[PDB]
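Colleague: My sequence and its experimental structure, below.
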Amino acid sequence: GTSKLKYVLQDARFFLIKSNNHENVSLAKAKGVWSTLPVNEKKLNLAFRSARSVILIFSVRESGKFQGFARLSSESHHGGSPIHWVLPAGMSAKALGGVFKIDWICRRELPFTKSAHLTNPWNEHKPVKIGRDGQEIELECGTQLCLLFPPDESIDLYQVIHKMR
Ligand SMILES: CNc1ncnc2c1ncn2[C@@H]1O[C@H](CO)[C@@H](O)[C@H]1O
């Protein structure tokens with residue numbers, strides 16, 4: 001069903017993540033971690049303290065799809081297992097040095113063709129697929145986008161809920 005999912009998303013904040021490659025999203029799905037550039041890292045840390053849930057919605061560039069969504073379980077932390085990210089041209093490992101822990105809510109894909117009716121007020125009412133890495137998605141648009149994803153029957157939101165309050 002969708003009731004625990006709606007509960008997790010209630011009063012959540014949503015951010016679009018644009019990965020330049022599939023490799024890093026696969027790593028994030030396997031290891032439960034994400035890193036972003038310093039400008040976005042600061043925004044996510046602020047959001048983590050402000051809301052009951054912060055949701056990252058992932059899209060690999062040129063894939064025409066979202067690859068899933070996850071909830072931040074921590075602020076960014078440096079000084080751990082150095083993650084073997086595939087680095088785009090012009091990006092350091094120190095730039096991706098902040099590592100957020102994430103709990104996946106849905107690891108299934110959603111094609112952009114299925115979200116064409118959703119626009120994001122925080123990005124000039126452009127279709128929600130459009131946005132730079134880190135673009136915040138307004139609550140109602142983000143909730144509806146997350147609810148469009150196919151259910152992921154492999155995930156039990158019980159332990160995710162157990163970390164909220
Ligand atoms: C692990 N983290 C990441 N992996 C791959 N691409 C990323 C990324 N974080 C940001 N990017 C993208 O890299 C671009 C800059 O080269 C940004 O505009 C994002 O779209």
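Modeller: Good, I have the coordinates. Numbering: from 1, shown residues only.
Colleague: What separation do you get for residue 108 and residue 85?
Modeller: 23 Å (CB to CB, to the nearest Å). Yep, even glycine has a C-beta here, placed from its N, CA and C like the rest.
Colleague: and if you look at residue 10?
Modeller: In terms of CB to CB, residue 10 sits 32 Å off from residue 85.
Colleague: Could I get the buried residue list for the single longest helix found in the chain?
Modeller: The longest helix of the chain (DSSP state H) is helix 38-50. Buried residues in helix 38-50, defined by neighbour count with 16 or more other CB atoms under 10 Å: 40-41, 43-45, 47-48.
Colleague: What is the nearest of those to residue 100?
Modeller: residue 44 (6.5 Å; CB to CB).
Colleague: so which strand or helix has the spatially most central residue of the chain?
Modeller: Compute the mean C-alpha point of the chain, and by CA atoms, centre = their mean the closest residue is residue 56, 1.5 Å away. Using DSSP states H and E, residue 56 sits within strand 54-60.
Colleague: Next: residue 140.
Modeller: helix 139-148.
Colleague: Equivalent analysis for residue 105, please.
Modeller: Using DSSP H and E, the element containing residue 105 is strand 100-106.
Colleague: helices or strands up against that strand?
Modeller: strand 33-34, strand 68-72, helix 158-161 (3 or more CB pairs under 8 Å, 6 or more residues apart in numbering; DSSP states H and E).
Colleague: The nearest residue to residue 142 once chain neighbours are set aside: what secondary structure?
Modeller: What sits nearest to residue 142 in space, not counting adjacent residues and going by CB to CB, 6 or more residues apart in numbering, is residue 14, at 3.0 Å. What DSSP: H, G, I helix; E, B strand; the rest coil gives for residue 14 is strand.
Colleague: Measure how buried residue 14 is and give me the count.
Modeller: 27 (other CB atoms under 10 Å).
Colleague: Which positions in this protein make contact with the ligand?
Modeller: Proximity of the chain to the ligand is confined to 18-21, 24, 35-37, 85, 88, 91, 96, 133 under the rule CB under 6 Å from any ligand atom.
Colleague: What residues of stretch 65-81 count as buried?
Modeller: Those would be 65-72, 75-76, for stretch 65-81 by 16+ other CB under 10 Å.
Colleague: try stretch 144-151
Modeller: For stretch 144-151, by 16+ other CB under 10 Å, it's 145-146, 149.
Colleague: how near is residue 86 to residue 26?
Modeller: 10 Å.
Colleague: just residue 138 next, same as before
Modeller: Distance, residue 138 to residue 26, using CB to CB: 29 Å.
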